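Colleague: Questions regarding the structure given below will be posed in turn.
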Amino acid sequence: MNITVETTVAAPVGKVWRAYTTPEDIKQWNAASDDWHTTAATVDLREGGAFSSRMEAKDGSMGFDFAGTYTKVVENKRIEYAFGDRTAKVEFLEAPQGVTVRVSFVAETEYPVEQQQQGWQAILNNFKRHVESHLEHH
């Protein structure tokens, strides 16, 4: 199954796209802890480029290992990449009222379809909150 999620934000396409693939920006809404756990996020912004972001737990709070590599990028607007044994493609749409960000990915059988849908949507929602924190828009 293919799972699709979408989030619309009131921000310039260039700023959203650049923030979408900045690791320091990613840390703003993910990959951080108060109880002193080791997190790091990296993004390699180039077609064919490869990157990995990881979270670690000192006490056992949270953590994970995510890796991905880019296969195609178009007009800073259409991007396809692979992550582990699954793949995803993100599209950026310019709207009169705002910019819409759409992410489609292949379902992982180990996790419920609904849980994955909400998870990836939450990521875009975190991107929305990132915009809101970095732009009056709220």
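Starting from 1 in every chain, residues are counted up; chains themselves are A, B, ... following the order of the structure tokens, and ligands are numbered from 1 as listed.
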Find the spatial neighbours of range 88-104 of chain A, counting only C-alpha atoms, within a cut-off of 9 Å - ignore same-chain residues fewer than 6 positions away - and output them as a list in words.
Modeller: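 In the requested form, the answer reads residues 2, 3, 4, 5, 6, 7, 8, 9, 10, 11, 12, 13, 16, 17, 76, 77, 78, 79, 80, 81, 82, 120, 121 and 124 of chain A.
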Colleague: Run DSSP on the backbone and tell me which residues of chain A come out as alpha helix (DSSP H); list them as a ChimeraX atom specification.
Modeller: /A:13-20,23-29,113-134
Colleague: Dump N, CA and C atoms for the selected residues as a compact mmCIF listing (two decimals), in the first residue's frame?
Modeller:
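Okay, this is what ended up in again.txt:
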# COMPACT_ATOMS: atom_id res chain seq x y z
N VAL A 13 7.81 29.17 -1.15
CA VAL A 13 8.21 27.83 -1.58
C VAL A 13 9.68 27.58 -1.29
N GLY A 14 10.51 28.59 -1.56
CA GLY A 14 11.95 28.43 -1.38
C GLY A 14 12.33 28.23 0.07
N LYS A 15 11.69 28.98 0.96
CA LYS A 15 11.98 28.89 2.39
C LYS A 15 11.53 27.55 2.95
N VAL A 16 10.36 27.10 2.52
CA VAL A 16 9.83 25.82 2.97
C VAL A 16 10.70 24.66 2.50
N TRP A 17 11.05 24.68 1.22
CA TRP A 17 11.85 23.61 0.63
C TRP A 17 13.23 23.54 1.27
N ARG A 18 13.84 24.70 1.47
CA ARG A 18 15.17 24.77 2.07
C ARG A 18 15.13 24.33 3.53
N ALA A 19 14.07 24.72 4.23
CA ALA A 19 13.87 24.31 5.62
C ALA A 19 13.51 22.84 5.70
N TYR A 20 12.93 22.31 4.63
CA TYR A 20 12.52 20.91 4.59
C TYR A 20 13.73 19.99 4.60
N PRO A 23 19.07 20.10 8.29
CA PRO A 23 19.13 19.24 9.47
C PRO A 23 19.04 20.04 10.77
N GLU A 24 19.67 21.21 10.78
CA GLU A 24 19.58 22.11 11.93
C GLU A 24 18.14 22.55 12.17
N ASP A 25 17.40 22.73 11.08
CA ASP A 25 15.98 23.05 11.17
C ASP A 25 15.18 21.85 11.67
N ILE A 26 15.57 20.66 11.23
CA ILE A 26 14.92 19.44 11.68
C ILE A 26 15.03 19.27 13.19
N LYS A 27 16.16 19.70 13.75
CA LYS A 27 16.41 19.55 15.18
C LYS A 27 15.46 20.42 15.99
N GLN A 28 14.90 21.44 15.35
CA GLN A 28 14.03 22.39 16.03
C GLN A 28 12.75 21.70 16.52
N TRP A 29 12.31 20.69 15.77
CA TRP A 29 11.03 20.05 16.04
C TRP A 29 11.21 18.55 16.25
N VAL A 113 -1.01 0.67 9.03
CA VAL A 113 -1.16 1.71 8.01
C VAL A 113 -1.57 3.04 8.64
N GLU A 114 -2.53 2.98 9.56
CA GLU A 114 -3.04 4.19 10.19
C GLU A 114 -1.96 4.87 11.03
N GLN A 115 -1.17 4.07 11.73
CA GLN A 115 -0.12 4.59 12.60
C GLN A 115 0.96 5.29 11.78
N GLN A 116 1.27 4.72 10.62
CA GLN A 116 2.27 5.31 9.73
C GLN A 116 1.75 6.60 9.11
N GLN A 117 0.48 6.60 8.73
CA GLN A 117 -0.14 7.79 8.16
C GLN A 117 -0.08 8.96 9.13
N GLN A 118 -0.43 8.71 10.39
CA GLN A 118 -0.42 9.74 11.41
C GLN A 118 1.01 10.18 11.72
N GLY A 119 1.93 9.23 11.71
CA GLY A 119 3.32 9.54 12.01
C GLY A 119 3.94 10.47 10.99
N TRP A 120 3.75 10.16 9.71
CA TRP A 120 4.31 10.98 8.64
C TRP A 120 3.59 12.32 8.55
N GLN A 121 2.29 12.31 8.84
CA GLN A 121 1.51 13.55 8.90
C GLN A 121 2.00 14.43 10.05
N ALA A 122 2.32 13.81 11.18
CA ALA A 122 2.84 14.54 12.33
C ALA A 122 4.17 15.21 11.99
N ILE A 123 4.96 14.56 11.14
CA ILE A 123 6.24 15.12 10.71
C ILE A 123 6.03 16.39 9.90
N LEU A 124 5.08 16.35 8.97
CA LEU A 124 4.69 17.54 8.21
C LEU A 124 4.07 18.58 9.12
N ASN A 125 3.31 18.12 10.12
CA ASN A 125 2.73 19.01 11.11
C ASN A 125 3.81 19.67 11.96
N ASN A 126 4.89 18.93 12.22
CA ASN A 126 6.05 19.48 12.89
C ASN A 126 6.75 20.52 12.02
N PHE A 127 6.77 20.27 10.71
CA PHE A 127 7.26 21.25 9.75
C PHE A 127 6.38 22.50 9.77
N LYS A 128 5.08 22.30 9.90
CA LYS A 128 4.14 23.41 10.02
C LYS A 128 4.44 24.24 11.27
N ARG A 129 4.64 23.57 12.39
CA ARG A 129 4.99 24.24 13.64
C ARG A 129 6.34 24.93 13.53
N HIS A 130 7.26 24.31 12.79
CA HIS A 130 8.55 24.93 12.51
C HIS A 130 8.38 26.25 11.78
N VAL A 131 7.53 26.26 10.75
CA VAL A 131 7.20 27.48 10.04
C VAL A 131 6.57 28.51 10.97
N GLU A 132 5.64 28.05 11.81
CA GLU A 132 4.91 28.93 12.71
C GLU A 132 5.85 29.59 13.70
N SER A 133 6.87 28.85 14.12
CA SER A 133 7.85 29.36 15.08
C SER A 133 8.83 30.31 14.40
N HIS A 134 9.00 30.14 13.09
CA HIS A 134 9.98 30.92 12.34
C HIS A 134 9.29 31.91 11.41
Colleague: Please provide as a ChimeraX atom specification all residues within 10 Å of residue 48 in chain A, with the sequence filter that same-chain residues fewer than 4 positions apart are discarded (counting only C-alpha atoms).
Modeller: /A:44,69-73,81
Colleague: DSSP on the backbone: which residues in range 3-136 of chain A end up as strand (DSSP E)? Give the answer as a PyMOL selection string.
Modeller: chain A and resi 3-9+39-40+50-55+64-74+78-83+86-94+99-106
Colleague: Which residues, written as an MDAnalysis selection string, have at least one atom at most 9 Å from residue 54 in chain A, with only C-alpha atoms counted and residues fewer than 4 positions away on the same chain left out?
Modeller: chainID A and resid 31 38:42 63:67
Colleague: Would you write out those residues with N, CA and C atoms, as a compact mmCIF listing (two decimals), in the first residue's frame?
Modeller:
# COMPACT_ATOMS: atom_id res chain seq x y z
N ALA A 31 14.57 15.34 17.36
CA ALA A 31 15.96 15.02 17.66
C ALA A 31 16.52 15.94 18.75
N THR A 38 21.51 11.68 23.56
CA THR A 38 22.33 12.10 22.43
C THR A 38 21.56 11.98 21.12
N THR A 39 21.29 13.12 20.49
CA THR A 39 20.61 13.14 19.20
C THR A 39 21.46 13.82 18.14
N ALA A 40 21.28 13.42 16.89
CA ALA A 40 21.91 14.10 15.77
C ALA A 40 21.12 13.88 14.48
N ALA A 41 20.95 14.95 13.71
CA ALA A 41 20.30 14.85 12.41
C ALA A 41 21.17 15.45 11.31
N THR A 42 21.24 14.77 10.18
CA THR A 42 21.99 15.26 9.03
C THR A 42 21.19 15.10 7.74
N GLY A 63 14.86 6.72 20.90
CA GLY A 63 15.97 6.58 19.97
C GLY A 63 15.59 5.81 18.72
N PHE A 64 16.37 5.97 17.66
CA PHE A 64 16.11 5.27 16.41
C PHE A 64 17.20 5.57 15.38
N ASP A 65 17.25 4.77 14.32
CA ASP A 65 18.20 4.99 13.24
C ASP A 65 17.49 5.09 11.90
N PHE A 66 17.57 6.26 11.28
CA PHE A 66 16.94 6.48 9.98
C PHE A 66 17.98 6.92 8.95
N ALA A 67 17.98 6.25 7.80
CA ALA A 67 18.87 6.61 6.70
C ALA A 67 18.11 6.74 5.39
